[PDB]
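A short worksheet on the structure shown next.
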Amino acid sequence: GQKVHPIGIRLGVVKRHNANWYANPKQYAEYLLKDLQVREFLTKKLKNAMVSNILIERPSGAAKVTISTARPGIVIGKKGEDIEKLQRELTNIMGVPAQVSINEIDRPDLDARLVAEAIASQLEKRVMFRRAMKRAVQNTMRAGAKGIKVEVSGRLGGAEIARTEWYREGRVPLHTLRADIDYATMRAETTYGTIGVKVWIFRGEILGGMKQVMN
Amino acid sequence: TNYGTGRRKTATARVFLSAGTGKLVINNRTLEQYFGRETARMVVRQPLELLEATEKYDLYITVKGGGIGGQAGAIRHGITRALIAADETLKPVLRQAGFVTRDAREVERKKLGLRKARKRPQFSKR
Amino acid sequence: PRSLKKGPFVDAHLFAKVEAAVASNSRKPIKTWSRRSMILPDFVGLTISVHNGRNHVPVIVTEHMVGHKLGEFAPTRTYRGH
Amino acid sequence: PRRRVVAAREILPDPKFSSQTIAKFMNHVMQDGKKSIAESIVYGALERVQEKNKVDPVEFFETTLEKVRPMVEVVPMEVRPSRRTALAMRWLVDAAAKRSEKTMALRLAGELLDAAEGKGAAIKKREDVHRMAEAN
Amino acid sequence: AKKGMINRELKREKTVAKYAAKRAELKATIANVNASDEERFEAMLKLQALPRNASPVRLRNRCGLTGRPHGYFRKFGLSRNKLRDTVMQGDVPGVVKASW
Amino acid sequence: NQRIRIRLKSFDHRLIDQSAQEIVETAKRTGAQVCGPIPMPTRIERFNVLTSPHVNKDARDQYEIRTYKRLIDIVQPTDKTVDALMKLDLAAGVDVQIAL
RNA sequence: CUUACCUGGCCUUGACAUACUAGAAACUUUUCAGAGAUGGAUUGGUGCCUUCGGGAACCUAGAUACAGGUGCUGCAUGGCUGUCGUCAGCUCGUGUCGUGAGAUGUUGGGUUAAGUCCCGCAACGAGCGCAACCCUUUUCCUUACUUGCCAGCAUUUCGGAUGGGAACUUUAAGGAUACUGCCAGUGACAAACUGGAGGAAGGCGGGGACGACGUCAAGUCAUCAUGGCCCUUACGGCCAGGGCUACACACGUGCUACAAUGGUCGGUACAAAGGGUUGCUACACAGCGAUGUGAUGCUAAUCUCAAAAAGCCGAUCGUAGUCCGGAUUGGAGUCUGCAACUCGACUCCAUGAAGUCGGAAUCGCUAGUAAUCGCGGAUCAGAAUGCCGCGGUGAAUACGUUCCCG
Ligand SMILES: CN(C)[C@@H]1C(=O)C(C(N)=O)=C(O)[C@@]2(O)C(=O)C3=C(O)c4c(O)c(NC(=O)CN5CCCC5)cc(F)c4C[C@H]3C[C@@H]12
Ligand SMILES: [Mg+2]
Ligand SMILES: [Mg+2]
Ligand SMILES: [Mg+2]
Ligand SMILES: [Mg+2]
Ligand SMILES: [Mg+2]
Ligand SMILES: [Mg+2]
Ligand SMILES: [Mg+2]
Ligand SMILES: [Mg+2]
Ligand SMILES: [Mg+2]
Ligand SMILES: [Mg+2]
Ligand SMILES: [Mg+2]
Ligand SMILES: [Mg+2]
Ligand SMILES: [Mg+2]
Ligand SMILES: [Mg+2]
Ligand SMILES: [Mg+2]
Ligand SMILES: [Mg+2]
Ligand SMILES: [Mg+2]
């Protein structure tokens, strides 16, 4: 059978949205499209800055974009020149002034997205998939996650028949709604096609409901 | 003097019960004008009929929501509750009759892939 | 049917051809693609070649035709039985 | 159902004569939820029989149902107490439907009166069932 | 969708924008009672004489990320394929899975 | 005869409640009198989205979005009340409309 | 239009990107030919920064690397989805047993919706699945008192209409409550199951989301992305007409009926959820009518779509292919659209087909369910008998597991 998206099913329960603004029924479509183009532009521009989360807000006739990165210095720039340029481009994409805030990630090994990129880059660089999966699964557990799962699908090693291999340590209770689960997907484009990577990380359970997160 | 609230299938009834002679007004109408189904009138009359207190009280009732049966049931529940408020010693006999309970049955929602809540499209193997 | 308050519809490029033909006395057929134009009294006595999708079919307009659309006299499907 | 004794439903006594027999007969008459029409038909029939002969409506109906009730049905098998009542209630309305009086209530009253004497279509149907029961 | 279809839709939208004002004026003239019948007839002819791509009826809603011409959902301006993916990642504010 | 009407709209009732409570606290501290917040009926918009790309018409996701509304009235306002309300910061996700 | 197909007319570094070279602000007003695509004429203007030497945008002309492809491969793939099936399974550590691969645990008696739980037992214990944590409904409490409410007062054009009240309904956030908690049987003194009091509710209360390990090289290169193979004056791109709506036939899924538990006419009650500013429209007048014109209130618990319909009372029809049924056809109209011939919906007059309850066979449903009645929305200029939702009225029957299917 097919499985529901781990974050979507938790969106209202123990997880927050990545977009937080109000809009009348007429401006909703335009705001959504401009936000999506902003996300595409940031994803392209900041490939090498170890950026996972992008949070967009529109307080009042203005935009605030918060970028979660493991390498804040690369995005910020030596003299802070890069942030001003990023603000100018984001304002050009938007129709209102935009300001950027940076959130440093203290533990890159507990973020599903960064782990996914780490595996995908190696797979493109022709590292054995089992070796990469075991290395990631061990690093996360040593970092302190209660559980992690990795899955890789496609023509592994350039074989004619594609297959799927998965590896897990710890516990990953997907069915428990209040469980805190990080999930991500990434594509690795190789000479023989595309290999898909999926990563689950279980970090513990949230007690108190969505209220404790102060929604 | 005493008050009661009755509910049945999306119908809510406000009942005010006072010591009187037997007048009964619903929504500024009279019982036979408001209900044309005699069974509804008898359902409404059941509570005081049981206690033989028809001529010992007056009733001023407003009702809203639901249909004929729902509104009749809501009025009966409200009159029962007003009688309980007036006197507690009545509650045993009223519970034995069954007027204390609030009927919780409601329409079931239609479900994706189905014609109704449970009814399913006709099936054919070939 | 089109509302009477708006009046009959005729393509202007076909109306100009019709007016020129009636002003002259040229019996040469008028080639058109306007199957949607209304046949007016001024069209009577004229031949209009109406497209059917692959060919233009000639139609000689009589009085009984007035009020019809031009495409009504140019069938678009071929069929001779099963 | 292979694992449960599903309990029998309990239908409220009728709001006029407080009789479950009349309630069940009313439900048998009712089609597609038109309880008001079924109630009118049955209550009019009962009033008509009462006017024609002055007897308690409930007693006459119970007595007639007792006459109309089958004994056994076909290896022959004895039917349980509820099934006989269901069959009699069904056949009474079935015969009333094919009767040819003006309105449904009036023809139901006529059928009940005829069955009480024994010269009725329902009683004849019961006699035919009894005749066929002798096959085994 | 083929890039030609997207370009066709863009061209039609620009054409409608280029003629909105003239179209509105012409239809107002047509609907104007106080004007003479001749002026209204000229207005009708001028209205029919515009390029066809001036008519809004020829615009078709497309996804906005893929150009799909089916399943539009005016509220979001995306088609179902992209809407499902974008909602399930938490990128569309206020939208959650519905149970009642 | 001056009475300030505040209307709040949001897609998150927790955020709307926080904003409304902040408004009431600010008004009470400045010294005016307030009525509310009064909860208005919520709007619920629902959507059905096919989950398969091609042909599975029974495989759908059901989504909803909820618009929550709150109403507050400030009567007998002091001079500092208007300035304090204006200086109050704006929080993303909540729309605030002030009518005088 | 969409549109990928057919006929004919047309362009070629291209409708779309980047790189190089040169000239022009971009733009903008009126014509002519043409079915249009196109082509050729033709008015108005000289913009924003400059260390003003040149630059930004946006156009025109040349050039080649290139663009472009809903063309093939779902059997080369990612992502997504159906199915068994919400079926109850899937496994590890440590121990023991075997030369071994491995085995036990997970098997046996009951019980449960359940590998659910208890019994026994070289097994002792734990993870993913089950269940629970999330949404909604039934009872009650706190906060809130407008645009929603009206029990007591008054004023009333008898309309909560007004002054007023914060009681009640309701709106919507937060809380409480059910736990086999108490009683009698019952079983192994267990688990569990029966029957009682209280309680709005009693033994996972009722529904929704949530899909384990895996199966069918099952579906999708026509949402999208992607390896490889193909076309490049055409398998790319632009346009007007036609087709996707054909019609000796055969199937699946639906609607409407065959009538009296009904049809028609007159009078008169009771909802819930949704939609509305290029929109919904009170009210007046015109029209038999679909609608038209004027005008009013609404960005909405404020105005509005809006008439709920089955129901109740009264009259008539008296079992007839009918005062049942409403197909088809002839006339005459309204609206949306540049445009209703091919090929829209709706209105009025006339017409009045099959159909008398449907063969062998076969489908859904265990309760607020089936059946029956109306109401709303996404798509959308216009175009639902489909789909997704909402409420009104409201049944029958389950002895039981032999037989059929999984
Ligand atoms: C009745 N029908 C729906 C079948 C059915 O019912 C079932 C089922 N499970 O019951 C199904 O399997 C199917 O639907 C299906 O999907 C199949 C395929 O894919 C497939 C295929 O791809 C290739 N591939 C090639 O020949 C490529 N070669 C490379 C070199 C030259 C050619 C060869 C081939 F025989 C097949 C078999 C089909 C069968 C088909
Ligand atoms: Mg409901
Ligand atoms: Mg229903
Ligand atoms: Mg006609
Ligand atoms: Mg493409
Ligand atoms: Mg269209
Ligand atoms: Mg076409
Ligand atoms: Mg396949
Ligand atoms: Mg579960
Ligand atoms: Mg296949
Ligand atoms: Mg296929
Ligand atoms: Mg065309
Ligand atoms: Mg078709
Ligand atoms: Mg009648
Ligand atoms: Mg008729
Ligand atoms: Mg016949
Ligand atoms: Mg069941
Ligand atoms: Mg429409």
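Identifiers in this document derive from the order of the structure tokens: chains are assigned A, B, ..., residues are numbered from 1 separately in each chain, and ligands are numbered from 1 in order of occurrence.
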
Find the spatial neighbours of residue 31 of chain C, counting only C-alpha atoms (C1' of nucleotides), within a cut-off of 10 Å - ignore same-chain residues fewer than 5 positions away - and output them as JSON, numbers by chain.
-> {"C": [14, 17, 47, 48, 49, 50, 51, 56, 57, 58], "G": [35]}

Residues of chain E no more than 8 Å from chain G, counting only C-alpha atoms (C1' of nucleotides): send them over as a list in words.
-> residues 1, 2, 3, 4, 7, 8, 47, 48, 49, 50, 52, 55, 57, 58, 59, 60, 66, 68, 69, 71, 72, 73, 81, 82, 97, 98, 99 and 100 of chain E

Based on the selection just made, write C-alpha atoms of those residues as a PDB file, in the first residue's frame.
```
ATOM      1  CA  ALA E   1       2.157  21.238 -21.563  1.00  0.00           C
ATOM      2  CA  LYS E   2       3.928  22.305 -24.745  1.00  0.00           C
ATOM      3  CA  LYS E   3       5.562  25.719 -24.529  1.00  0.00           C
ATOM      4  CA  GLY E   4       3.575  26.846 -27.560  1.00  0.00           C
ATOM      5  CA  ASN E   7       2.738  31.259 -25.301  1.00  0.00           C
ATOM      6  CA  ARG E   8      -0.670  31.154 -27.008  1.00  0.00           C
ATOM      7  CA  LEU E  47     -17.758  45.251 -31.653  1.00  0.00           C
ATOM      8  CA  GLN E  48     -17.915  42.444 -34.214  1.00  0.00           C
ATOM      9  CA  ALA E  49     -14.970  43.985 -36.107  1.00  0.00           C
ATOM     10  CA  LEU E  50     -12.464  43.493 -33.273  1.00  0.00           C
ATOM     11  CA  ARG E  52     -11.346  37.439 -31.966  1.00  0.00           C
ATOM     12  CA  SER E  55     -12.938  38.079 -26.348  1.00  0.00           C
ATOM     13  CA  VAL E  57     -14.434  33.693 -23.575  1.00  0.00           C
ATOM     14  CA  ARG E  58     -11.344  32.301 -25.335  1.00  0.00           C
ATOM     15  CA  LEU E  59      -9.146  32.320 -22.209  1.00  0.00           C
ATOM     16  CA  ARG E  60      -8.634  28.940 -20.524  1.00  0.00           C
ATOM     17  CA  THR E  66       2.788  23.133 -15.425  1.00  0.00           C
ATOM     18  CA  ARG E  68      -2.325  21.730 -17.260  1.00  0.00           C
ATOM     19  CA  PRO E  69      -5.738  22.702 -18.732  1.00  0.00           C
ATOM     20  CA  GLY E  71      -8.532  20.671 -12.742  1.00  0.00           C
ATOM     21  CA  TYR E  72      -7.825  24.320 -11.978  1.00  0.00           C
ATOM     22  CA  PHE E  73      -9.168  25.366  -8.548  1.00  0.00           C
ATOM     23  CA  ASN E  81      -1.150  17.463  -9.372  1.00  0.00           C
ATOM     24  CA  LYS E  82       0.806  20.426  -7.998  1.00  0.00           C
ATOM     25  CA  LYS E  97      -6.675  17.266   5.754  1.00  0.00           C
ATOM     26  CA  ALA E  98     -10.423  17.368   6.383  1.00  0.00           C
ATOM     27  CA  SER E  99     -12.246  14.943   8.682  1.00  0.00           C
ATOM     28  CA  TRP E 100     -15.755  15.542  10.004  1.00  0.00           C
TER      29      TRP E 100
END
```

Do you know which residues are at most 7 Å from residue 3 of chain B counting only C-alpha atoms (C1' of nucleotides), after dropping those on the same chain fewer than 4 positions away, and could you put them as a PyMOL selection string?
-> chain B and resi 15-17+82

Selected residues written out with N, CA, C and O atoms, as a PDB file, in the first residue's frame:
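Now in selection.pdb:
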```pdb
ATOM      1  N   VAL B  15     -39.036  25.680  27.053  1.00  0.00           N
ATOM      2  CA  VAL B  15     -40.312  25.426  27.715  1.00  0.00           C
ATOM      3  C   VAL B  15     -40.330  26.180  29.038  1.00  0.00           C
ATOM      4  O   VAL B  15     -39.420  26.026  29.860  1.00  0.00           O
ATOM      5  N   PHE B  16     -41.363  26.993  29.241  1.00  0.00           N
ATOM      6  CA  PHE B  16     -41.613  27.662  30.513  1.00  0.00           C
ATOM      7  C   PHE B  16     -42.895  27.092  31.102  1.00  0.00           C
ATOM      8  O   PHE B  16     -43.957  27.178  30.476  1.00  0.00           O
ATOM      9  N   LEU B  17     -42.799  26.520  32.299  1.00  0.00           N
ATOM     10  CA  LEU B  17     -43.910  25.825  32.937  1.00  0.00           C
ATOM     11  C   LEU B  17     -44.268  26.547  34.228  1.00  0.00           C
ATOM     12  O   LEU B  17     -43.403  26.770  35.081  1.00  0.00           O
ATOM     13  N   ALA B  82     -38.593  20.502  32.435  1.00  0.00           N
ATOM     14  CA  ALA B  82     -39.238  21.510  33.268  1.00  0.00           C
ATOM     15  C   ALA B  82     -39.963  20.875  34.447  1.00  0.00           C
ATOM     16  O   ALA B  82     -39.940  21.420  35.558  1.00  0.00           O
TER      17      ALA B  82
END
```

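Residue nearest chain C within the list E:92, E:28, E:41, E:20: E:41 [criterion: smallest interatomic distance, only C-alpha atoms].
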
Kindly provide, as a list in words, the residues of chain B having any atom no farther than 12 Å from an atom of chain F, counting only C-alpha atoms.
->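 Applying the cut-off to the listed atoms yields residues 111, 112, 113 and 114 of chain B.
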
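Those residues of segment 2-79 of chain C that DSSP, working from the backbone, places in strand (DSSP E or B) are residues 30, 31, 32, 38, 47, 48, 49, 50, 51, 56, 57, 58, 59, 60 and 69 of chain C.
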
Since we have the selection now, will you write its residues out, keeping C-alpha atoms, as a PDB file, in the first residue's frame?
```
ATOM      1  CA  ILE C  30     -18.970  33.891 -54.098  1.00  0.00           C
ATOM      2  CA  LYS C  31     -16.508  31.673 -52.207  1.00  0.00           C
ATOM      3  CA  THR C  32     -16.861  31.868 -48.418  1.00  0.00           C
ATOM      4  CA  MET C  38     -27.666  34.424 -42.021  1.00  0.00           C
ATOM      5  CA  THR C  47     -24.575  31.389 -55.842  1.00  0.00           C
ATOM      6  CA  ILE C  48     -22.467  31.076 -52.682  1.00  0.00           C
ATOM      7  CA  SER C  49     -19.788  28.392 -52.372  1.00  0.00           C
ATOM      8  CA  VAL C  50     -19.787  27.260 -48.735  1.00  0.00           C
ATOM      9  CA  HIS C  51     -16.942  25.325 -47.123  1.00  0.00           C
ATOM     10  CA  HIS C  56     -16.638  24.351 -51.213  1.00  0.00           C
ATOM     11  CA  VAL C  57     -20.146  23.343 -52.308  1.00  0.00           C
ATOM     12  CA  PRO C  58     -22.217  25.745 -54.457  1.00  0.00           C
ATOM     13  CA  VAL C  59     -25.626  26.885 -53.218  1.00  0.00           C
ATOM     14  CA  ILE C  60     -28.103  28.831 -55.355  1.00  0.00           C
ATOM     15  CA  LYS C  69     -27.894  29.761 -42.027  1.00  0.00           C
TER      16      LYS C  69
END
```

Proximal residues of chain G relative to chain D (only C-alpha atoms (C1' of nucleotides); 12 Å) as a count of residues only | 26

Go ahead and compute the interatomic distance for atom 1 (Mg, counted along the ligand's line) of ligand 18 and atom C1' of residue 383 of chain G, in Å to one decimal.
-> 7.0 Å

Shell around residue 205 of chain G at 12 Å using only C-alpha atoms (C1' of nucleotides), local window under 6 positions removed, as a PyMOL selection string | (chain B and resi 104-105) or (chain G and resi 137-138+178)

With N, CA, C and O atoms (P, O5', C5', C4', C3', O3' and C1' of nucleotides) kept, could you save the residues just selected as a PDB file, in the first residue's frame?
```pdb
ATOM      1  N   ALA B 104     -29.801  10.679  20.822  1.00  0.00           N
ATOM      2  CA  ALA B 104     -28.572  11.172  20.215  1.00  0.00           C
ATOM      3  C   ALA B 104     -28.413  10.770  18.754  1.00  0.00           C
ATOM      4  O   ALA B 104     -27.351  11.012  18.175  1.00  0.00           O
ATOM      5  N   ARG B 105     -29.431  10.168  18.146  1.00  0.00           N
ATOM      6  CA  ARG B 105     -29.323   9.726  16.762  1.00  0.00           C
ATOM      7  C   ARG B 105     -29.357  10.920  15.813  1.00  0.00           C
ATOM      8  O   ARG B 105     -30.144  11.852  15.996  1.00  0.00           O
TER       9      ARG B 105
ATOM     10  P     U G 137     -19.445  19.070  16.181  1.00  0.00           P
ATOM     11  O5'   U G 137     -20.437  17.879  16.552  1.00  0.00           O
ATOM     12  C5'   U G 137     -21.512  17.522  15.695  1.00  0.00           C
ATOM     13  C4'   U G 137     -22.221  16.282  16.180  1.00  0.00           C
ATOM     14  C3'   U G 137     -22.678  16.303  17.631  1.00  0.00           C
ATOM     15  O3'   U G 137     -23.920  16.965  17.792  1.00  0.00           O
ATOM     16  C1'   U G 137     -21.592  14.247  17.155  1.00  0.00           C
ATOM     17  P     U G 138     -24.244  17.788  19.132  1.00  0.00           P
ATOM     18  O5'   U G 138     -24.705  16.675  20.174  1.00  0.00           O
ATOM     19  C5'   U G 138     -25.866  15.887  19.946  1.00  0.00           C
ATOM     20  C4'   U G 138     -26.086  14.891  21.055  1.00  0.00           C
ATOM     21  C3'   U G 138     -25.952  15.433  22.471  1.00  0.00           C
ATOM     22  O3'   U G 138     -27.137  16.060  22.932  1.00  0.00           O
ATOM     23  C1'   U G 138     -24.707  13.431  22.271  1.00  0.00           C
ATOM     24  P     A G 178     -15.608   9.634  34.821  1.00  0.00           P
ATOM     25  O5'   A G 178     -15.784   8.619  33.608  1.00  0.00           O
ATOM     26  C5'   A G 178     -14.878   7.538  33.424  1.00  0.00           C
ATOM     27  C4'   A G 178     -15.283   6.660  32.266  1.00  0.00           C
ATOM     28  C3'   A G 178     -15.416   7.371  30.924  1.00  0.00           C
ATOM     29  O3'   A G 178     -15.058   6.479  29.868  1.00  0.00           O
ATOM     30  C1'   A G 178     -17.504   6.454  31.538  1.00  0.00           C
TER      31        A G 178
END
```

12 Å shell around ligand 10 using only C-alpha atoms (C1' of nucleotides) and all ligand atoms, listed as JSON, numbers by chain | {"G": [74, 75, 216, 217, 218, 219, 220]}

Using only C-alpha atoms (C1' of nucleotides), determine which residues lie at most 12 Å from residue 6 of chain C, disregarding the query and same-chain residues fewer than 6 positions distant; provide the list as a PyMOL selection string.
-> (chain E and resi 30-31+37+40-41+43-45) or (chain G and resi 335)

Export of the given selection (N, CA and C atoms (P, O5', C5', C4', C3', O3' and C1' of nucleotides)) as a PDB file, in the first residue's frame:
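What landed in selection.pdb:
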```pdb
ATOM      1  N   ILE E  30     -23.795  50.310 -27.035  1.00  0.00           N
ATOM      2  CA  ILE E  30     -24.867  49.430 -27.494  1.00  0.00           C
ATOM      3  C   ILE E  30     -26.039  49.482 -26.526  1.00  0.00           C
ATOM      4  N   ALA E  31     -25.755  49.413 -25.227  1.00  0.00           N
ATOM      5  CA  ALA E  31     -26.793  49.366 -24.206  1.00  0.00           C
ATOM      6  C   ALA E  31     -27.386  50.736 -23.894  1.00  0.00           C
ATOM      7  N   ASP E  37     -30.669  54.645 -32.871  1.00  0.00           N
ATOM      8  CA  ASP E  37     -30.495  53.265 -33.314  1.00  0.00           C
ATOM      9  C   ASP E  37     -29.294  53.130 -34.241  1.00  0.00           C
ATOM     10  N   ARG E  40     -26.124  52.726 -32.203  1.00  0.00           N
ATOM     11  CA  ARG E  40     -26.039  51.392 -31.621  1.00  0.00           C
ATOM     12  C   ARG E  40     -25.690  50.344 -32.672  1.00  0.00           C
ATOM     13  N   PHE E  41     -26.203  50.497 -33.895  1.00  0.00           N
ATOM     14  CA  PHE E  41     -25.825  49.582 -34.969  1.00  0.00           C
ATOM     15  C   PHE E  41     -24.342  49.709 -35.307  1.00  0.00           C
ATOM     16  N   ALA E  43     -22.066  50.663 -33.254  1.00  0.00           N
ATOM     17  CA  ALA E  43     -21.367  50.069 -32.122  1.00  0.00           C
ATOM     18  C   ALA E  43     -21.324  48.552 -32.245  1.00  0.00           C
ATOM     19  N   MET E  44     -22.444  47.940 -32.637  1.00  0.00           N
ATOM     20  CA  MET E  44     -22.479  46.491 -32.818  1.00  0.00           C
ATOM     21  C   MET E  44     -21.499  46.046 -33.898  1.00  0.00           C
ATOM     22  N   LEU E  45     -21.454  46.777 -35.012  1.00  0.00           N
ATOM     23  CA  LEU E  45     -20.527  46.420 -36.083  1.00  0.00           C
ATOM     24  C   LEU E  45     -19.076  46.569 -35.637  1.00  0.00           C
TER      25      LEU E  45
ATOM     26  P     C G 335     -33.184  38.863 -24.478  1.00  0.00           P
ATOM     27  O5'   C G 335     -32.119  37.963 -23.710  1.00  0.00           O
ATOM     28  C5'   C G 335     -32.035  37.964 -22.293  1.00  0.00           C
ATOM     29  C4'   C G 335     -31.092  36.897 -21.797  1.00  0.00           C
ATOM     30  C3'   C G 335     -29.651  37.006 -22.271  1.00  0.00           C
ATOM     31  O3'   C G 335     -28.897  37.932 -21.506  1.00  0.00           O
ATOM     32  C1'   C G 335     -30.399  34.765 -22.480  1.00  0.00           C
TER      33        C G 335
END
```

Find the residues around residue 45 of chain G up to 12 Å (only C-alpha atoms (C1' of nucleotides) counted), leave out those fewer than 3 positions away in its own chain, and share them as a PDB file with N, CA and C atoms (P, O5', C5', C4', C3', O3' and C1' of nucleotides), in the first residue's frame.
```
ATOM      1  P     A G  25      14.318  56.667 -31.593  1.00  0.00           P
ATOM      2  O5'   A G  25      13.959  55.611 -30.457  1.00  0.00           O
ATOM      3  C5'   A G  25      13.844  56.006 -29.099  1.00  0.00           C
ATOM      4  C4'   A G  25      13.618  54.816 -28.203  1.00  0.00           C
ATOM      5  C3'   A G  25      12.305  54.075 -28.396  1.00  0.00           C
ATOM      6  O3'   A G  25      12.335  53.165 -29.482  1.00  0.00           O
ATOM      7  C1'   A G  25      12.673  54.444 -26.090  1.00  0.00           C
ATOM      8  P     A G  26      10.964  52.575 -30.079  1.00  0.00           P
ATOM      9  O5'   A G  26      10.313  51.787 -28.857  1.00  0.00           O
ATOM     10  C5'   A G  26      10.870  50.564 -28.396  1.00  0.00           C
ATOM     11  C4'   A G  26      10.298  50.162 -27.059  1.00  0.00           C
ATOM     12  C3'   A G  26       8.817  49.817 -27.049  1.00  0.00           C
ATOM     13  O3'   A G  26       8.560  48.492 -27.478  1.00  0.00           O
ATOM     14  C1'   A G  26       9.296  51.282 -25.255  1.00  0.00           C
ATOM     15  P     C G  27       7.105  48.100 -28.032  1.00  0.00           P
ATOM     16  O5'   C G  27       6.118  48.670 -26.920  1.00  0.00           O
ATOM     17  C5'   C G  27       4.814  49.107 -27.261  1.00  0.00           C
ATOM     18  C4'   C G  27       4.536  50.486 -26.719  1.00  0.00           C
ATOM     19  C3'   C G  27       3.270  51.152 -27.231  1.00  0.00           C
ATOM     20  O3'   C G  27       2.101  50.711 -26.561  1.00  0.00           O
ATOM     21  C1'   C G  27       5.063  52.677 -27.377  1.00  0.00           C
ATOM     22  P     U G  28       0.813  50.260 -27.409  1.00  0.00           P
ATOM     23  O5'   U G  28       0.339  51.604 -28.120  1.00  0.00           O
ATOM     24  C5'   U G  28       0.027  52.755 -27.351  1.00  0.00           C
ATOM     25  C4'   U G  28      -0.100  53.985 -28.214  1.00  0.00           C
ATOM     26  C3'   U G  28      -1.024  53.868 -29.413  1.00  0.00           C
ATOM     27  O3'   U G  28      -2.392  54.009 -29.071  1.00  0.00           O
ATOM     28  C1'   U G  28       1.000  54.898 -30.071  1.00  0.00           C
ATOM     29  P     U G  29      -3.534  53.361 -29.997  1.00  0.00           P
ATOM     30  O5'   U G  29      -3.830  54.489 -31.078  1.00  0.00           O
ATOM     31  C5'   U G  29      -4.192  55.801 -30.675  1.00  0.00           C
ATOM     32  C4'   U G  29      -4.340  56.721 -31.860  1.00  0.00           C
ATOM     33  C3'   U G  29      -5.274  56.239 -32.958  1.00  0.00           C
ATOM     34  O3'   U G  29      -6.634  56.504 -32.665  1.00  0.00           O
ATOM     35  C1'   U G  29      -3.255  57.024 -33.915  1.00  0.00           C
TER      36        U G  29
END
```

Which residues come within 9 Å of residue 65 of chain E, counting only C-alpha atoms (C1' of nucleotides), excluding same-chain residues fewer than 5 positions away, as a list in words?
->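 Returned residues: residues 33 of chain A; 78, 79 and 82 of chain E.
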
Selected residues written out with N, CA, C and O atoms, as a PDB file, in the first residue's frame:
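Saved file out-v4.pdb follows:
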```
ATOM      1  N   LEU A  33       1.492  31.911  -5.625  1.00  0.00           N
ATOM      2  CA  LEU A  33       2.401  31.729  -6.751  1.00  0.00           C
ATOM      3  C   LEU A  33       3.719  32.457  -6.523  1.00  0.00           C
ATOM      4  O   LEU A  33       4.794  31.900  -6.784  1.00  0.00           O
TER       5      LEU A  33
ATOM      6  N   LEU E  78      -3.564  26.670  -9.100  1.00  0.00           N
ATOM      7  CA  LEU E  78      -2.758  25.503  -9.425  1.00  0.00           C
ATOM      8  C   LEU E  78      -3.680  24.346  -9.772  1.00  0.00           C
ATOM      9  O   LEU E  78      -4.831  24.303  -9.338  1.00  0.00           O
ATOM     10  N   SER E  79      -3.163  23.396 -10.540  1.00  0.00           N
ATOM     11  CA  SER E  79      -3.919  22.195 -10.848  1.00  0.00           C
ATOM     12  C   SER E  79      -3.657  21.119  -9.796  1.00  0.00           C
ATOM     13  O   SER E  79      -2.748  21.226  -8.973  1.00  0.00           O
ATOM     14  N   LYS E  82      -0.097  19.585  -8.777  1.00  0.00           N
ATOM     15  CA  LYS E  82       0.806  20.426  -7.998  1.00  0.00           C
ATOM     16  C   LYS E  82       0.193  20.818  -6.661  1.00  0.00           C
ATOM     17  O   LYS E  82       0.913  20.985  -5.670  1.00  0.00           O
TER      18      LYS E  82
END
```

Exercise answer, 10 Å around ligand 16 with only C-alpha atoms (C1' of nucleotides) and all ligand atoms, as a count of residues only | 5

Distance of atom CA of residue 52 of chain D from atom CA of residue 120 of chain D, expressed in Å to one decimal place | 17.1 Å
